[PDB]
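Report on the structure given below.
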Amino acid sequence: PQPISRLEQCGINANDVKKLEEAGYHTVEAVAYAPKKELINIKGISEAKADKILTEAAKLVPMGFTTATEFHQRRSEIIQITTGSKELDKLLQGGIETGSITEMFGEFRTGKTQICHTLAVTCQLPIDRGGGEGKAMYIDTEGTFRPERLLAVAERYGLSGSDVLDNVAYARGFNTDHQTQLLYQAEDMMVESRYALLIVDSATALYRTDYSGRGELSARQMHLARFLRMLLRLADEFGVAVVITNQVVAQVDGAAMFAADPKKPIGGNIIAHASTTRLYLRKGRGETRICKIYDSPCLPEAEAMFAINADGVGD
Amino acid sequence: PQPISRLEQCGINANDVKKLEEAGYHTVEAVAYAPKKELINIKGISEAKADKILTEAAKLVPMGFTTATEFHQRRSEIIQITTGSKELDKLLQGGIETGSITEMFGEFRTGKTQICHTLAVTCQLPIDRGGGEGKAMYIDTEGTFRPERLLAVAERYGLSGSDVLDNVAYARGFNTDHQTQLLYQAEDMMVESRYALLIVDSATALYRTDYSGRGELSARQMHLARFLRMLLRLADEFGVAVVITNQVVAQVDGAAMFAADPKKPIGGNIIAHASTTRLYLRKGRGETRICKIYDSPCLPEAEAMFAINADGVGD
Amino acid sequence: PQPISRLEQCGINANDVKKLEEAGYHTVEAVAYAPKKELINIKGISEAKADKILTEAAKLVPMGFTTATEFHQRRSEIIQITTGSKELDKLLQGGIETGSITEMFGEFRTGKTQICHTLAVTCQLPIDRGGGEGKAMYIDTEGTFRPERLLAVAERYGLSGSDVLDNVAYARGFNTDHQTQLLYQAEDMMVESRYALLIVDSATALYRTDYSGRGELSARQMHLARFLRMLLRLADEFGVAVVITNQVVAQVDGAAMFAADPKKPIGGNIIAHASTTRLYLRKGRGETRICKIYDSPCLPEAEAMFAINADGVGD
Ligand SMILES: Nc1ncnc2c1ncn2[C@@H]1O[C@H](COP(=O)(O)OP(=O)(O)NP(=O)(O)O)[C@@H](O)[C@H]1O
Ligand SMILES: Nc1ncnc2c1ncn2[C@@H]1O[C@H](COP(=O)(O)OP(=O)(O)NP(=O)(O)O)[C@@H](O)[C@H]1O
Ligand SMILES: Nc1ncnc2c1ncn2[C@@H]1O[C@H](COP(=O)(O)OP(=O)(O)NP(=O)(O)O)[C@@H](O)[C@H]1O
Ligand SMILES: [Mg+2]
Ligand SMILES: [Mg+2]
Ligand SMILES: [Mg+2]
């Protein structure tokens, strides 16, 4: 929310800052906690100019250091965007913490791309439905983008079909490095239009298909982190959910029941703690979908069943 | 799609052609669908004019953000290949939606290699009906391709037998490396004509015999992921509905997990998270075969009674 | 095929073929239809050299995409050796078609071993008469082989009877591995002398005793998969009708009120799809016996009153 428009004073030359901001650093906040090396990584950036920013942005930093009392203020404004139905919001303190990247984990049939569809409708509306009064960023690295589902959940919600369709900006991602730069492109529009979702689907999948072999798997984590830490940066720039969805490893050397690791974290590296919530979306009986949060800072763990009704999540 | 000859705008090197086509990439959109990592790995190609490859091919495709309304504007020409019967057409919401990848199960006598024949011959039909355009590439990796069935379903749909055979261009796969390279070259064989259907019959069949099991499993699923990723690239690359005929492992009951556990998708989670739709072609009396919809982001669970006869998948 | 004649040229060094001949590729089609992992373990010139060997084989065999018309033309020359009873000739539209596995299962006294003996006799007949003008490889693994039956069918078809037994080759599999070894030598046998019938009597009968027990030997279905893979390779290379036979296991399942007897062809999904057809013989009434049709890409369910007489199979 703080572009170069705020940081362009007291001798901040204009020529260097457009180039500095062009590489996804459009928000000056990124420059505020930017590595000194990164501050100079972009070509055309003057070194003396980078040293000047080292103090200008630093004094611009809104929260260089704070106490734990203001953490209550930083948490009370979270609207807890409602997951949906009844129990899916009843057991947990609140649907989705604004800024909580979270994580999805299920096999097929579960509907990882349907809870994300009902959440998409539950952002464009006011606090009357616990929405975020903003649009969505549909980062579907799959081909399962079904805004027909978004209109179907828009029918039972009873708002509209025009803006509920228009607002979500789909991010068709074929590459890993083109999804990372697309989300930089989104980082170059969240300044003007207020967002709260960044609904991400199977982000890890492209990394798995591309970064394949044995050693290249460390590069898979390296680039999974280049994406992930930037997701943390943005999701702290506003109160943006940035919900994530992951696939199944299915440990093979694992067996012995409750110890066979049926759904092994496809992202057990860096995301092991980065992912705020770890709902275990699992097919049950008929249309029930039980889930348990392995990691969820302000919750030990629970069990949560939700059905994929004709119009999205429903209990 | 865009011909690779069109990529000569910014003085693109003369012999960049063959070194680009070495990894398929027979279209401009093909490299537009591949990350910088592939191009770097490609020997001979080295680097273009200041990473032109990456900076370009974004200008000629909206690989950024559009709108679901625009997506709905393009989501009315999504051909739904008729099933041959009408009940499955009803369950399928028109048929086989394009820009995805279908899949089926059912072993012994269940009817997967005949629906893929009646589907190709009815995909050769014109745009106005459920046909759209045909000339499907039928990847036979088990040798089950009888063109007599094509003639059987040609009269059922008033199609010119000779023309029907001329349209469909089927091949024979032998091993996994032949499975993958066949479509890497099918890129080129599609770039000059109009195709709409890409049945990979008996998919994940070769992987079962080649890759033994424990101790070679990593390679199997990692080679399966490469296949699915490349196939998705093709589907997004020429807009072709891709049908998959998967086998089944009916031994999850090996641990007597629960009653009625005598079947399981053989591919594994890697393919499970790939296929958009997931059918299930169980067999009953005569030709009354139940087709369930394990996983389909558009259509809910349902069961119809498609009955292949002397004239194709009828009733 | 081509006996590595052209492969032993085009710069290709003999140092390659001498080592590759120690695994069982007595032709070039085996090398062409072999994954990198397969020929990378030759321990002889297995490297980029073997990659060039693969490319050489590819440019020495017809292997690429083609229109359906070519296959349609190459389906009017298939032998379709006559069974001996004109009922199963009407049922199979000519007889046992050459080129793919034709598993025929059942139980004791149904007539499988007798059908194989007759087929083995009829293969030598002139093609226009209904035979194949070839040879046979009875790979009997029970001990059932009685040349007296070949004698008896010889005068049925008015043959000399001497060459009836001089042409039919016979082996004896005493263990599971011995079947694979027999096929490995069989490849060479085809390489010199034409073969049109590769009967493996009770192929899934040694597995029932050697590879016995769930978990005791879960590698029963892996080895069976490799065995059937070898069968596909041989059938594809020399167009041999690999007429496998099978045993049966009763449905001890509580639902034993079912009809068709508690019949469940031994060998699970692994052996049920490599087979194109699946004739299910049952004891009808004395000499006259019923022959149903299971699975089958082409050929719907139908039966045949084949009678096993002293002359062989007839009416
Ligand atoms: N329009 C709909 N109405 C009702 N139920 C639906 C509808 N669309 C999908 N479903 C159900 O919800 C499920 C959604 O699965 P989906 O979200 O596609 O699978 P996933 O586990 O998220 N992974 P993938 O299939 O790889 O995208 C389906 O399998 C159906 O059971
Ligand atoms: N010379 C003959 N004349 C007439 N009928 C015969 C003659 N020899 C055998 N038969 C009949 O045909 C049957 C031949 O056995 P067959 O049914 O082919 O065994 P199988 O069940 O295939 N062998 P296996 O299952 O491996 O023990 C006999 O059981 C008799 O009913
Ligand atoms: N010409 C035909 N006319 C009518 N029905 C047929 C015809 N040919 C085969 N069938 C039926 O279709 C069934 C299934 O054939 P197919 O399409 O090969 O099944 P599948 O389950 O795909 N086979 P597999 O791939 O070996 O598991 C057969 O078992 C017959 O019941
Ligand atoms: Mg789902
Ligand atoms: Mg089919
Ligand atoms: Mg016999």
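So you can find residues: chains in the structure tokens are A, B, ... in the order shown, residues in each start at 1, and ligands are numbered from 1 in order.
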With all C-alpha atoms paired in order, what RMSD does the least-squares fit of chain B onto chain C leave?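 Here the C-alpha RMSD works out to 1.5 Å.
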I need the contact residues of chain B against chain C, so if you could list those with any atom within 6 Å, counting only C-alpha atoms, and return them as an mmCIF file with C-alpha atoms, in the first residue's frame, that would help.
```
data_model
loop_
_atom_site.group_PDB
_atom_site.id
_atom_site.type_symbol
_atom_site.label_atom_id
_atom_site.label_comp_id
_atom_site.auth_asym_id
_atom_site.auth_seq_id
_atom_site.Cartn_x
_atom_site.Cartn_y
_atom_site.Cartn_z
ATOM 1 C CA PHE B 108 -11.430 -57.058 -17.412
ATOM 2 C CA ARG B 109 -14.479 -56.306 -19.588
ATOM 3 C CA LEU B 165 -10.009 -43.389 -41.258
ATOM 4 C CA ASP B 166 -8.177 -40.551 -43.022
ATOM 5 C CA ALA B 169 -3.969 -40.743 -36.999
ATOM 6 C CA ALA B 171 0.235 -44.704 -33.293
ATOM 7 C CA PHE B 174 6.146 -49.502 -26.775
ATOM 8 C CA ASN B 175 7.880 -48.076 -23.694
ATOM 9 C CA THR B 209 5.900 -53.436 -16.561
#
```
List all protein, DNA and RNA residues that have any atom at most 9 Å from ligand 5, counting only C-alpha atoms and all ligand atoms, and write the list as a PyMOL selection string. (chain B and resi 111-120+145+201+245+313) or (chain C and resi 297)
Selection above as a file: N, CA, C and O atoms, as an mmCIF file, in the first residue's frame:
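Final file, part.cif:
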```
data_model
loop_
_atom_site.group_PDB
_atom_site.id
_atom_site.type_symbol
_atom_site.label_atom_id
_atom_site.label_comp_id
_atom_site.auth_asym_id
_atom_site.auth_seq_id
_atom_site.Cartn_x
_atom_site.Cartn_y
_atom_site.Cartn_z
ATOM 1 N N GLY B 111 -15.033 -51.736 -20.937
ATOM 2 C CA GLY B 111 -15.356 -50.861 -22.082
ATOM 3 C C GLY B 111 -14.658 -49.518 -22.044
ATOM 4 O O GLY B 111 -15.368 -48.501 -21.932
ATOM 5 N N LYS B 112 -13.328 -49.497 -22.159
ATOM 6 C CA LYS B 112 -12.603 -48.234 -22.237
ATOM 7 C C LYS B 112 -11.985 -48.035 -23.615
ATOM 8 O O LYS B 112 -11.817 -46.899 -24.065
ATOM 9 N N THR B 113 -11.628 -49.123 -24.291
ATOM 10 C CA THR B 113 -10.982 -49.035 -25.593
ATOM 11 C C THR B 113 -11.975 -48.883 -26.738
ATOM 12 O O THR B 113 -11.555 -48.695 -27.885
ATOM 13 N N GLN B 114 -13.271 -48.954 -26.461
ATOM 14 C CA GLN B 114 -14.296 -48.722 -27.469
ATOM 15 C C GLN B 114 -14.912 -47.338 -27.374
ATOM 16 O O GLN B 114 -15.270 -46.749 -28.404
ATOM 17 N N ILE B 115 -15.055 -46.807 -26.159
ATOM 18 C CA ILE B 115 -15.495 -45.426 -26.009
ATOM 19 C C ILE B 115 -14.477 -44.485 -26.632
ATOM 20 O O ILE B 115 -14.841 -43.473 -27.235
ATOM 21 N N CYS B 116 -13.188 -44.814 -26.530
ATOM 22 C CA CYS B 116 -12.164 -44.003 -27.181
ATOM 23 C C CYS B 116 -12.163 -44.138 -28.698
ATOM 24 O O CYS B 116 -11.497 -43.339 -29.367
ATOM 25 N N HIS B 117 -12.874 -45.114 -29.261
ATOM 26 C CA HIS B 117 -13.042 -45.214 -30.706
ATOM 27 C C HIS B 117 -14.254 -44.413 -31.168
ATOM 28 O O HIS B 117 -14.162 -43.590 -32.097
ATOM 29 N N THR B 118 -15.366 -44.585 -30.441
ATOM 30 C CA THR B 118 -16.629 -43.888 -30.744
ATOM 31 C C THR B 118 -16.416 -42.421 -30.461
ATOM 32 O O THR B 118 -17.130 -41.640 -31.062
ATOM 33 N N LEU B 119 -15.492 -42.053 -29.566
ATOM 34 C CA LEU B 119 -15.215 -40.671 -29.222
ATOM 35 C C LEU B 119 -14.376 -39.991 -30.293
ATOM 36 O O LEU B 119 -14.616 -38.835 -30.641
ATOM 37 N N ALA B 120 -13.392 -40.706 -30.840
ATOM 38 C CA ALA B 120 -12.599 -40.152 -31.932
ATOM 39 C C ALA B 120 -13.459 -39.916 -33.169
ATOM 40 O O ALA B 120 -13.416 -38.837 -33.782
ATOM 41 N N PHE B 145 -6.478 -51.496 -30.687
ATOM 42 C CA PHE B 145 -7.070 -50.528 -31.610
ATOM 43 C C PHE B 145 -7.628 -51.296 -32.796
ATOM 44 O O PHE B 145 -6.866 -51.766 -33.645
ATOM 45 N N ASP B 201 -4.578 -44.189 -24.865
ATOM 46 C CA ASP B 201 -5.178 -45.474 -24.410
ATOM 47 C C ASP B 201 -4.159 -46.251 -23.573
ATOM 48 O O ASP B 201 -2.943 -46.108 -23.832
ATOM 49 N N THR B 245 -6.972 -43.545 -20.683
ATOM 50 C CA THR B 245 -7.572 -44.848 -20.314
ATOM 51 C C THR B 245 -6.652 -45.476 -19.291
ATOM 52 O O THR B 245 -5.624 -46.042 -19.700
ATOM 53 N N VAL B 313 -20.987 -46.911 -28.778
ATOM 54 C CA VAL B 313 -21.481 -46.689 -27.425
ATOM 55 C C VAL B 313 -22.891 -46.118 -27.510
ATOM 56 O O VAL B 313 -23.080 -44.911 -27.701
ATOM 57 N N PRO C 297 -11.511 -56.146 -27.336
ATOM 58 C CA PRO C 297 -11.802 -54.810 -27.943
ATOM 59 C C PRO C 297 -12.860 -54.986 -29.021
ATOM 60 O O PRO C 297 -13.837 -54.207 -29.051
#
```
Residue with the minimum atom-to-atom distance to ligand 2, picked from C:244, C:57, C:260, C:190 with only C-alpha atoms and all ligand atoms counted, is C:244
Write out as an NGL selection string each polymer residue whose atoms come within 12 Å of residue 13 of chain B, counting only C-alpha atoms; drop sequence neighbours fewer than 2 positions from it. :B and (5 or 7-11 or 15-20 or 44-49 or 52-53)
Go ahead and write the residues just picked, C-alpha atoms, as a PDB file, in the first residue's frame.
```
ATOM      1  CA  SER B   5       8.598 -19.295 -37.895  1.00  0.00           C
ATOM      2  CA  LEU B   7       9.577 -16.069 -33.763  1.00  0.00           C
ATOM      3  CA  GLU B   8      11.954 -14.039 -35.954  1.00  0.00           C
ATOM      4  CA  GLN B   9      10.844 -10.556 -34.766  1.00  0.00           C
ATOM      5  CA  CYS B  10      13.955  -9.222 -32.899  1.00  0.00           C
ATOM      6  CA  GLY B  11      16.624 -10.625 -35.191  1.00  0.00           C
ATOM      7  CA  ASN B  15      19.848 -21.734 -36.421  1.00  0.00           C
ATOM      8  CA  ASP B  16      17.829 -21.169 -33.191  1.00  0.00           C
ATOM      9  CA  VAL B  17      15.141 -23.330 -34.897  1.00  0.00           C
ATOM     10  CA  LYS B  18      16.427 -26.893 -34.602  1.00  0.00           C
ATOM     11  CA  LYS B  19      18.051 -26.432 -31.161  1.00  0.00           C
ATOM     12  CA  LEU B  20      14.649 -25.069 -29.981  1.00  0.00           C
ATOM     13  CA  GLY B  44      23.284 -25.553 -28.718  1.00  0.00           C
ATOM     14  CA  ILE B  45      20.561 -22.958 -27.881  1.00  0.00           C
ATOM     15  CA  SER B  46      22.676 -21.351 -25.070  1.00  0.00           C
ATOM     16  CA  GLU B  47      21.091 -17.890 -24.420  1.00  0.00           C
ATOM     17  CA  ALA B  48      19.180 -15.700 -26.954  1.00  0.00           C
ATOM     18  CA  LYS B  49      19.474 -11.900 -27.450  1.00  0.00           C
ATOM     19  CA  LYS B  52      14.619 -12.404 -25.527  1.00  0.00           C
ATOM     20  CA  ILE B  53      12.938 -15.877 -25.357  1.00  0.00           C
TER      21      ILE B  53
END
```
I need the residue nearest ligand 1 from this list: B:122, B:93, B:180, B:85. Use only C-alpha atoms and all ligand atoms for the distance. B:93
Just give me the gap between atom CA of residue 54 of chain C and atom CA of residue 43 of chain B in Å, one decimal is fine.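 Separation of atom CA of residue 54 of chain C and atom CA of residue 43 of chain B: 20.7 Å.
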Grab me every residue within 10 Å of ligand 2, counting only C-alpha atoms and all ligand atoms, and send it over as a PyMOL selection string. chain C and resi 104-117+140-146+148-149+152+201-202+205+245-248+281-283+286-289+307-313
Those same residues - N, CA and C atoms - I'd like them written as a compact mmCIF listing (two decimals), in the first residue's frame.
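Wrote it out as part-v1.txt, contents follow:
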```txt
# COMPACT_ATOMS: atom_id res chain seq x y z
N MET C 104 -7.24 -68.01 -22.83
CA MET C 104 -8.47 -68.79 -22.72
C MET C 104 -8.42 -69.52 -21.38
N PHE C 105 -9.30 -69.14 -20.48
CA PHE C 105 -9.31 -69.71 -19.15
C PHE C 105 -10.48 -70.69 -19.00
N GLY C 106 -10.68 -71.18 -17.80
CA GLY C 106 -11.69 -72.18 -17.52
C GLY C 106 -11.30 -72.96 -16.28
N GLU C 107 -11.74 -74.20 -16.22
CA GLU C 107 -11.46 -75.08 -15.09
C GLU C 107 -11.10 -76.45 -15.65
N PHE C 108 -11.10 -77.47 -14.80
CA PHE C 108 -10.68 -78.79 -15.25
C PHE C 108 -11.70 -79.37 -16.22
N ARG C 109 -11.19 -80.07 -17.24
CA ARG C 109 -12.00 -80.86 -18.18
C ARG C 109 -12.78 -79.99 -19.16
N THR C 110 -12.58 -78.67 -19.14
CA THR C 110 -13.30 -77.80 -20.07
C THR C 110 -12.83 -77.99 -21.51
N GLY C 111 -11.52 -78.07 -21.73
CA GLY C 111 -11.05 -78.33 -23.08
C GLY C 111 -9.89 -77.49 -23.57
N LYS C 112 -9.31 -76.69 -22.68
CA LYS C 112 -8.23 -75.78 -23.06
C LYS C 112 -7.05 -76.52 -23.68
N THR C 113 -6.52 -77.51 -22.96
CA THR C 113 -5.31 -78.21 -23.46
C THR C 113 -5.62 -78.83 -24.80
N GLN C 114 -6.84 -79.34 -24.98
CA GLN C 114 -7.24 -79.98 -26.26
C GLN C 114 -7.26 -78.92 -27.37
N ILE C 115 -7.81 -77.74 -27.08
CA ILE C 115 -7.91 -76.67 -28.11
C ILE C 115 -6.49 -76.30 -28.56
N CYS C 116 -5.56 -76.16 -27.62
CA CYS C 116 -4.16 -75.78 -27.96
C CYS C 116 -3.57 -76.84 -28.90
N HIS C 117 -3.76 -78.13 -28.58
CA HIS C 117 -3.19 -79.22 -29.42
C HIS C 117 -3.71 -79.07 -30.85
N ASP C 140 4.34 -76.09 -22.84
CA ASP C 140 3.62 -76.80 -21.79
C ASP C 140 4.38 -76.76 -20.47
N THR C 141 3.68 -76.34 -19.41
CA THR C 141 4.25 -76.27 -18.07
C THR C 141 3.57 -77.22 -17.09
N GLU C 142 2.65 -78.06 -17.55
CA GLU C 142 1.98 -79.03 -16.70
C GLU C 142 2.52 -80.44 -16.97
N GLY C 143 2.74 -80.79 -18.23
CA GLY C 143 3.12 -82.14 -18.60
C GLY C 143 2.05 -82.75 -19.47
N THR C 144 1.01 -81.96 -19.74
CA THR C 144 -0.19 -82.47 -20.39
C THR C 144 0.06 -82.86 -21.85
N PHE C 145 1.06 -82.26 -22.49
CA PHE C 145 1.32 -82.44 -23.92
C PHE C 145 1.32 -83.90 -24.35
N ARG C 146 0.36 -84.27 -25.20
CA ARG C 146 0.27 -85.61 -25.76
C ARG C 146 0.36 -85.53 -27.28
N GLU C 148 0.05 -87.69 -29.37
CA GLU C 148 -1.00 -88.53 -29.94
C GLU C 148 -2.15 -87.68 -30.47
N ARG C 149 -2.45 -86.58 -29.77
CA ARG C 149 -3.51 -85.68 -30.22
C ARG C 149 -3.15 -85.02 -31.55
N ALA C 152 -3.73 -87.51 -34.16
CA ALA C 152 -5.16 -87.66 -34.40
C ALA C 152 -5.75 -86.52 -35.22
N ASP C 201 0.94 -73.41 -22.39
CA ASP C 201 -0.07 -74.15 -21.63
C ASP C 201 0.03 -73.87 -20.14
N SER C 202 -1.06 -73.37 -19.56
CA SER C 202 -1.14 -73.09 -18.13
C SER C 202 -0.01 -72.18 -17.67
N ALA C 205 -0.02 -71.09 -13.90
CA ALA C 205 -0.15 -72.27 -13.05
C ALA C 205 1.10 -72.54 -12.24
N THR C 245 -3.10 -69.97 -21.89
CA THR C 245 -4.24 -70.53 -21.18
C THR C 245 -4.14 -70.11 -19.72
N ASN C 246 -5.20 -70.37 -18.94
CA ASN C 246 -5.27 -69.91 -17.53
C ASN C 246 -6.04 -70.91 -16.68
N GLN C 247 -5.82 -70.91 -15.36
CA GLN C 247 -6.57 -71.79 -14.41
C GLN C 247 -7.77 -70.98 -13.90
N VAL C 248 -8.36 -71.35 -12.76
CA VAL C 248 -9.47 -70.55 -12.16
C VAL C 248 -9.53 -70.77 -10.65
N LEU C 281 -14.28 -71.16 -21.40
CA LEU C 281 -14.85 -72.46 -21.70
C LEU C 281 -15.47 -73.07 -20.44
N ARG C 282 -16.61 -73.73 -20.62
CA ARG C 282 -17.31 -74.37 -19.51
C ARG C 282 -17.90 -75.68 -20.00
N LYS C 283 -18.00 -76.65 -19.09
CA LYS C 283 -18.55 -77.96 -19.43
C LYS C 283 -20.05 -77.83 -19.69
N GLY C 286 -21.39 -83.22 -21.90
CA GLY C 286 -20.63 -84.27 -22.55
C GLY C 286 -19.60 -83.72 -23.52
N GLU C 287 -19.61 -84.28 -24.74
CA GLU C 287 -18.68 -83.83 -25.77
C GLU C 287 -18.92 -82.38 -26.16
N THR C 288 -20.18 -81.98 -26.31
CA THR C 288 -20.49 -80.60 -26.66
C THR C 288 -20.23 -79.71 -25.45
N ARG C 289 -19.47 -78.64 -25.65
CA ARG C 289 -19.07 -77.75 -24.58
C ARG C 289 -19.25 -76.31 -25.04
N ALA C 307 -17.08 -79.44 -29.81
CA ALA C 307 -17.12 -80.80 -29.29
C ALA C 307 -15.71 -81.38 -29.37
N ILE C 308 -15.20 -81.86 -28.23
CA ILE C 308 -13.90 -82.52 -28.20
C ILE C 308 -14.09 -84.00 -28.45
N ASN C 309 -13.79 -84.44 -29.67
CA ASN C 309 -13.90 -85.83 -30.08
C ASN C 309 -12.51 -86.46 -30.12
N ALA C 310 -12.46 -87.72 -30.57
CA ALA C 310 -11.18 -88.39 -30.72
C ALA C 310 -10.33 -87.75 -31.81
N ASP C 311 -10.97 -87.24 -32.87
CA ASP C 311 -10.22 -86.61 -33.95
C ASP C 311 -9.62 -85.28 -33.51
N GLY C 312 -10.16 -84.68 -32.46
CA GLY C 312 -9.69 -83.39 -31.98
C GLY C 312 -10.83 -82.53 -31.48
N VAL C 313 -10.96 -81.33 -32.02
CA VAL C 313 -12.12 -80.48 -31.80
C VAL C 313 -12.90 -80.42 -33.11
```
Could you pull the residues within 9 Å of residue 30 of chain C, counting only C-alpha atoms, minus those fewer than 5 positions along the same chain, as an MDAnalysis selection string? chainID C and resid 24:25 233:234 237
Can those selected residues be exported to a file as an mmCIF file, in the first residue's frame so that it contains C-alpha atoms?
```
data_model
loop_
_atom_site.group_PDB
_atom_site.id
_atom_site.type_symbol
_atom_site.label_atom_id
_atom_site.label_comp_id
_atom_site.auth_asym_id
_atom_site.auth_seq_id
_atom_site.Cartn_x
_atom_site.Cartn_y
_atom_site.Cartn_z
ATOM 1 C CA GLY C 24 17.883 -61.989 -25.722
ATOM 2 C CA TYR C 25 17.675 -59.376 -28.490
ATOM 3 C CA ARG C 233 7.374 -58.291 -27.370
ATOM 4 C CA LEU C 234 7.440 -61.715 -29.131
ATOM 5 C CA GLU C 237 8.076 -58.874 -33.367
#
```
Going by DSSP on the backbone, which bits of segment 164-260 of chain C are strand (DSSP E or B)? Write them as an MDAnalysis selection string, please. chainID C and resid 168:170 197 200 241 244:245 248:250
Write out as a list in words all residues of segment 205-255 of chain C that backbone DSSP assigns to helix (DSSP H, G or I).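 The residues of segment 205-255 of chain C classed as helix (DSSP H, G or I) are residues 205, 206, 220, 221, 222, 223, 224, 225, 226, 227, 228, 229, 230, 231, 232, 233, 234, 235, 236, 237 and 238 of chain C.
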Output of the above residues as a short mmCIF file (atom, residue, chain, number, x, y, z; two decimals), in the first residue's frame, restricted to N, CA, C and O atoms:
```cif
data_model
loop_
_atom_site.label_atom_id
_atom_site.label_comp_id
_atom_site.auth_asym_id
_atom_site.auth_seq_id
_atom_site.Cartn_x
_atom_site.Cartn_y
_atom_site.Cartn_z
N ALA C 205 -0.02 -71.09 -13.90
CA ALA C 205 -0.15 -72.27 -13.05
C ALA C 205 1.10 -72.54 -12.24
O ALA C 205 1.00 -73.02 -11.11
N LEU C 206 2.28 -72.25 -12.78
CA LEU C 206 3.50 -72.36 -11.99
C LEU C 206 3.60 -71.22 -10.99
O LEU C 206 4.21 -71.37 -9.93
N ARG C 220 4.81 -61.98 -7.23
CA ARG C 220 4.15 -62.88 -8.20
C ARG C 220 3.60 -62.05 -9.36
O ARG C 220 3.75 -62.52 -10.49
N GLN C 221 2.97 -60.91 -9.08
CA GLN C 221 2.26 -60.11 -10.11
C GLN C 221 3.27 -59.21 -10.83
O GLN C 221 2.92 -58.76 -11.93
N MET C 222 4.41 -58.89 -10.22
CA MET C 222 5.49 -58.20 -10.91
C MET C 222 6.14 -59.11 -11.95
O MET C 222 6.33 -58.71 -13.11
N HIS C 223 6.47 -60.33 -11.55
CA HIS C 223 7.10 -61.26 -12.49
C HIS C 223 6.14 -61.64 -13.60
O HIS C 223 6.55 -61.81 -14.76
N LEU C 224 4.86 -61.78 -13.28
CA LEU C 224 3.84 -62.08 -14.27
C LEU C 224 3.74 -60.94 -15.28
O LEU C 224 3.54 -61.17 -16.47
N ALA C 225 3.85 -59.70 -14.79
CA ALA C 225 3.82 -58.55 -15.67
C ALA C 225 5.00 -58.58 -16.63
O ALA C 225 4.85 -58.33 -17.83
N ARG C 226 6.20 -58.89 -16.11
CA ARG C 226 7.35 -59.01 -17.00
C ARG C 226 7.18 -60.15 -18.00
O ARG C 226 7.57 -60.02 -19.17
N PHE C 227 6.61 -61.26 -17.56
CA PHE C 227 6.35 -62.40 -18.44
C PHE C 227 5.42 -62.00 -19.59
O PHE C 227 5.72 -62.23 -20.77
N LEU C 228 4.30 -61.37 -19.25
CA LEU C 228 3.37 -60.93 -20.28
C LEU C 228 3.98 -59.84 -21.16
O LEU C 228 3.64 -59.73 -22.34
N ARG C 229 4.88 -59.04 -20.60
CA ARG C 229 5.61 -58.06 -21.40
C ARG C 229 6.46 -58.75 -22.45
O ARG C 229 6.53 -58.31 -23.61
N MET C 230 7.13 -59.83 -22.06
CA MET C 230 7.88 -60.63 -23.02
C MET C 230 6.96 -61.20 -24.09
O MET C 230 7.31 -61.24 -25.28
N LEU C 231 5.77 -61.66 -23.68
CA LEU C 231 4.79 -62.17 -24.63
C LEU C 231 4.39 -61.10 -25.64
O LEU C 231 4.33 -61.37 -26.84
N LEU C 232 4.14 -59.89 -25.14
CA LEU C 232 3.79 -58.77 -26.05
C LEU C 232 4.96 -58.56 -27.03
O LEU C 232 4.70 -58.46 -28.24
N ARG C 233 6.19 -58.53 -26.51
CA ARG C 233 7.37 -58.29 -27.37
C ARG C 233 7.41 -59.35 -28.48
O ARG C 233 7.47 -58.95 -29.67
N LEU C 234 7.34 -60.63 -28.12
CA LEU C 234 7.44 -61.72 -29.13
C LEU C 234 6.29 -61.58 -30.13
O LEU C 234 6.56 -61.59 -31.35
N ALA C 235 5.06 -61.42 -29.64
CA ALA C 235 3.88 -61.32 -30.54
C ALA C 235 4.07 -60.14 -31.49
O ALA C 235 3.77 -60.29 -32.69
N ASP C 236 4.55 -59.01 -30.97
CA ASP C 236 4.73 -57.80 -31.82
C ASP C 236 5.83 -58.04 -32.85
O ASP C 236 5.65 -57.63 -34.02
N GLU C 237 6.93 -58.69 -32.44
CA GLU C 237 8.08 -58.87 -33.37
C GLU C 237 7.73 -59.84 -34.51
O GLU C 237 7.95 -59.45 -35.68
N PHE C 238 7.19 -61.02 -34.20
CA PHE C 238 6.98 -62.03 -35.27
C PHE C 238 5.49 -62.34 -35.48
O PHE C 238 5.18 -63.43 -36.01
#
```
Near-residue 130 of chain B list (12 Å; only C-alpha atoms; drop same-chain fewer than 3 positions) as JSON, numbers by chain: {"B": [77, 78, 79, 80, 81, 82, 83, 84, 85, 86, 89, 92, 93, 94, 95, 96, 97, 98, 119, 120, 121, 122, 123, 124, 125, 126, 127, 133, 134, 157, 196]}
